[PDB]
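1. just dropping in an experimental structure and the matching sequence.
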Amino acid sequence: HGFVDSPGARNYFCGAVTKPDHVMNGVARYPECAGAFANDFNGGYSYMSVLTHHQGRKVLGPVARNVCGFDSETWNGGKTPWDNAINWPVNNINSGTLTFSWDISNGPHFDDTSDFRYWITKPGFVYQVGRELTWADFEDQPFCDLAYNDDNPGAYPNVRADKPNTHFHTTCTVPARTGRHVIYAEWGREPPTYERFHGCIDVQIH
Ligand SMILES: [Cu+2]
């Protein structure tokens, strides 16, 4: 159970940081989360639970009707808060080497993590409020596809478990891009669960 907190995913900003009730009370760090929680108030508190039990975009192909939530089981295979196309907060980043960090404090699965995978929107991508993502918006293959076996931490330098702070830190190379983009991210586990967690990261590349 967890989510990407650097660069912060939609369910970081609206979930881990800004809670539904914060928005209501007008005391939110991110008032723009109003739009994520407008039609699903209490689902906002399950930001760590955007999960499936299959091997994700790479293996099933572009099958899920909703990109960011990947038709999560927690929403009965329908839309999550983070599939909404609203005025999301954005991460300003550069192309090249970047750490993608998962906060797994809510449900660490160090021992049977299998993979981390990231896809990015195609160069021709135009972000627009109210227009929800399609798989056609993203490259077909992940730009970053990291195996892991906690038995042999040595063999995976691009994956770094931090057990005390219950984080995974992963290293990717974000490809040449500029402007507003989305990175779609997956954290997957081995059998027996095959559980997988899904996130979108809003980015402004330089
Ligand atoms: Cu979990």
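-> Thanks, I have it. Numbering: from 1, shown residues only.
2. I'd like to know which residues of this protein are adjacent to the ion.
-> Within the chain, the positions near the ion by C-beta under 5 Å from the ion are 1, 107. Where you see a C-beta, it was placed from the backbone N, CA and C, and this is true even at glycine.
3. same thing but 8 Å
-> Applying C-beta under 8 Å from the ion, we find that the chain lies next to the ion at 1, 2, 48, 49, 51, 104, 106, 107, 108, 109, 195, 197.
4. number of nearby residues for the fifth one?
-> In this case it means residue 51. Burial measure for residue 51: 22 neighbouring residues, criterion other C-beta atoms under 10 Å.
5. one more: the second one?
-> Residues near residue 2, counting by other C-beta under 10 Å, number 26.
6. that one against residue 113, yeah?
-> No. Look at residue 2 against residue 113 with C-beta atoms under 8 Å: they stay out of range, at 10.5 Å.
7. hey, C-alpha coordinates of stretch 87-98 in CSV?
-> Listed in CSV are the C-alpha atoms of stretch 87-98, where the atom choice follows Å, rounded to 0.1, in the frame of the first residue of the first chain:
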residue,chain,number,x,y,z
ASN,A,87,-6.2,21.8,-12.2
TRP,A,88,-3.7,19.4,-10.7
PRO,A,89,-0.6,20.7,-8.9
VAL,A,90,2.4,20.2,-11.1
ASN,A,91,6.0,19.1,-10.5
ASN,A,92,8.7,21.2,-12.2
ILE,A,93,11.4,18.8,-13.2
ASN,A,94,14.3,18.4,-15.7
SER,A,95,14.8,15.7,-18.3
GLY,A,96,17.5,13.1,-17.5
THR,A,97,18.2,11.1,-14.3
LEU,A,98,15.5,11.4,-11.7
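8. give me the buried positions along that stretch.
-> Buried positions in stretch 87-98, judged by neighbour count with 16 or more other C-beta atoms under 10 Å: 88, 89, 90, 91, 93, 98.
9. contacting residues around the fourth one?
-> Residues in contact with residue 91 (C-beta atoms under 8 Å, 6 or more residues apart in numbering) are 7, 8, 201, 202, 203, 204.
10. list buried members of these by neighbour count.
-> Restricting those to buried positions leaves 7, 8, 201, 202, 203, with burial counted as 16+ other C-beta under 10 Å.
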